[PDB]
Amino acid sequence: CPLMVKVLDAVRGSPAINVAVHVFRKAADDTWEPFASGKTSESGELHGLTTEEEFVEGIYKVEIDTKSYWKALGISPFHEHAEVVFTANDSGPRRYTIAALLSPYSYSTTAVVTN
Amino acid sequence: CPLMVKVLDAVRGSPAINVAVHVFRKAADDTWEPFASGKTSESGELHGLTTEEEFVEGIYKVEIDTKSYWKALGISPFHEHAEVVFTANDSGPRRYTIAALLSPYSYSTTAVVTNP
Amino acid sequence: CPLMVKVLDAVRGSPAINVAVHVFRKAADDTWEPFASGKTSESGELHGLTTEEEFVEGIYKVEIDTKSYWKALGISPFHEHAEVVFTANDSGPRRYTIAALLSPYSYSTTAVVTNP
Amino acid sequence: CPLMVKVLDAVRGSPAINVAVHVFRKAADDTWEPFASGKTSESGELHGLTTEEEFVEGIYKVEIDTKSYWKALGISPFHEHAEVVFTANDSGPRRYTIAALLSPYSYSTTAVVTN
Ligand SMILES: Cc1ccc(Nc2c(F)cccc2Cl)c(CC(=O)O)c1
Ligand SMILES: Cc1ccc(Nc2c(F)cccc2Cl)c(CC(=O)O)c1
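Residue numbers (the working numbering), protein chains in the order written: chain W, 220 to 334; chain A, 112 to 227; chain X, 112 to 227; chain S, 220 to 334.
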């Protein structure tokens with residue numbers, strides 16, 4: 220599991236469950252090609268997005284549909300989503316955990332890059 | 112100004128100065144049209160990106176070039192940028208301050224939205 | 112002023128107004144002496160807590176009463192407060208802006224430290 | 220495991236390993252009584268701090284020695300520590316994860332409160 224997305228709801232202090240997450244790889248022509256997606260689970264985590272073979276170096280965008288999450292909860296959000304764009308380098312072995320800490324008018328996203 | 116971007120360096124506890132900021136607006140055909148861009152100043156602020164006439168409703172994307180920032184300070188950061196995509200002025204004109212707090216592997220983007 | 116506290120409500124995307132802020136300084140005997148306190152204003156800022164004469168080196172604690180804040184808005188928040196403990200003016204006088212970004216279960220405290 | 224502290228280093232995008240964490244319970248006289256402590260592990264996590272029986276309602280302070288962590292890395296930090304003070308309520312069953320996302324001049328701390 221080279222890439223795991225973790226989403227936390229900073230309003231309820233809970234994992235942000237059932238949050239749509241799309242991953243995209245930047246194609247040569249600078250457009251985003253859908254690559255992987257899922258919904259975060261009960262634990263706010265989205266595993267099994269990609270695999271080691273698939274997850275090659277490149278520029279990836281993780282788009283977290285924070286807005287539907289806030290809509291589902293009835294809280295007016297500021298952002299359309301949360302959108303983590305980063306270069307997977309893979310110079311040494313890497314797991315990437317992208318943790319998005321979400322508030323209606325603020326989000327934080329952190330990469331915990333290990334191995 | 113209706114749109115202000117502020118950027119802090121959470122490593123140096125400083126304003127993040129000379130950070131490139133690009134603002135786009137989603138056009139009718141769902142492309143991003145270049146809307147405005149600028150550098151944060153010596154206070155980490157980027158004022159005057161736009162005006163209350165120009166800053167109509169729409170979805171805007173603010174791409175703060177955090178990578179060049181960290182790179183110029185010798186850091187290889189995780190993200191290519193800090194993004195902020197939001198619907199602006201949906202229930203009439205607002206002032207938006209987008210505050211981006213930057214660390215090499217984490218950033219936070221907050222909006223202070225006030226009713227002028 | 113050498114010490115400014117700014118507090119944002121990340122739920123409402125607003126300044127967090129009328130937030131009680133208490134500043135303490137660690138005395139010789141390692142107790143916290145009350146140093147200064149105030150409310151954030153209508154801009155979420157608390158200026159004039161102290162002066163450059165009064166704001167000597169030491170360890171200071173800033174306790175931002177985030178709980179009363181969230182409680183007055185009907186929210187049961189997680190933390191009793193947002194704290195900031197820091198050594199101030201160790202290598203001469205600095206201006207400190209403490210920016211506290213508040214959510215009911217998360218807060219972030221950042222310092223913008225500039226050399227006047 | 221009613222209370223788990225997770226510390227992330229936002230500069231290196233790694234778990235913050237070997238970070239001293241002290242937990243205190245507010246005593247009746249308003250002083251902090253040491254209750255539990257540990258060092259975060261390799262995964263940035265500090266488990267086994269307390270137990271269900273021990274972790275009664277009360278006001279707790281989690282003090283994270285962020286400053287020694289930054290010193291160990293040679294980066295001048297702003298804060299003396301990170302200090303999470305909160306009321307354990309236990310109205311329904313709760314695990315508390317206190318995640319501290321640490322930068323030299325910024326920290327974020329979030330409670331993920333589940334069950
Ligand atoms: C009411 C208010 C809220 C937030 C900010 N900016 C800000 C922020 F939103 C997060 C971290 C640091 C800073 Cl400086 C500011 C601008 C400032 O005075 O630094 C004002
Ligand atoms: C239940 C839970 C809550 C939060 C986190 N992690 C986390 C993190 F890894 C970075 C920044 C904030 C947070 Cl909250 C985690 C750990 C993770 O799976 O990365 C678990």
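Note that beta-carbon positions come from the ideal geometry of N, C-alpha and C, so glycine has one too.
DSSP beta-bridge partners of residue i
i, result
"A:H190", "W:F305"
"A:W143", "A:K137"
"W:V230", "None; W:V230 has no bridge partner."
"X:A211", "X:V118 and X:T220"
"W:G277", "W:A307"
"residue 231 of chain X", "Outside the displayed span of chain X (112 to 227) sits residue 231 of chain X, for which this structure offers no information."
"X:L157", "X:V116"
"A:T162", "None, per the DSSP bridge assignment."
"A:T225", "A:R206"
"A:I128", "According to DSSP, which records beta bridges pairwise, A:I128 is partnered with nothing at all."
heavy atom of ligand 1 below 7 Å from residue i C-beta
i, result
"A:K117", "yes"
"X:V223", "yes"
"X:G155", "yes"
Where residue i meets chain S, residues with beta-carbon distance less than 9 Å
i, result
"W:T329", "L227, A229, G232, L320 and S327"
Rounded straight-line distance, which links the Cα of residue j to that of residue i
i, j, result
"A:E194", "X:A131", "32 Å"
"X:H190", "S:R244", "14 Å"
"S:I294", "S:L320", "16 Å"
"X:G169", "X:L114", "13 Å"
"W:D284", "W:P296", "11 Å"
"X:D120", "W:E272", "43 Å"
"X:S179", "X:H158", "20 Å"
"X:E174", "X:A147", "11 Å"
"W:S260", "W:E252", "24 Å"
"W:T250", "X:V116", "42 Å"
"X:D140", "A:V224", "44 Å"
"S:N334", "W:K280", "32 Å"
"A:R123", "S:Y324", "6 Å"
"S:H241", "W:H300", "36 Å"
"X:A138", "X:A199", "13 Å"
"W:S310", "S:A291", "25 Å"
"W:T270", "A:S154", "43 Å"
"A:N129", "S:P312", "49 Å"
"W:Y326", "S:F274", "31 Å"
"X:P126", "A:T208", "11 Å"
"A:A210", "W:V226", "21 Å"
"X:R206", "X:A222", "10 Å"
"W:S322", "W:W289", "9 Å"
"X:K150", "A:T220", "25 Å"
"A:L160", "S:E264", "43 Å"
"A:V196", "W:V304", "13 Å"
"S:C220", "A:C112", "50 Å"
Contact set between residue i and chain X, taken where Cβ atoms lie within less than 8 Å
i, result
"A:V224", "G124 and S125"
Partners in chain X for residue i, counting only beta-carbon separations shorter than 9 Å
i, result
"S:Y324", "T221, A222, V223 and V224"
Contact test: residue i Cβ vs ligand 2 heavy atom, cutoff 7 Å
i, result
"X:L212", "no"
"S:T316", "yes"
"W:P234", "yes"
In the region 120-135 of chain X, which residues sit with their C-beta less than 7 Å from some C-beta in chain W, listed in chain order?
-> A121, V122, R123 and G124
With 7 Å as the limit, tell me which residues of the region 299-318 of chain W have their beta carbon closer than that to any beta carbon of chain A; keep them in chain order.
-> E299, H300, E302, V303, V304, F305 and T306
Interface positions of the region 142-170 of chain A facing chain S (Cβ-Cβ less than 8 Å), listed along the chain | none
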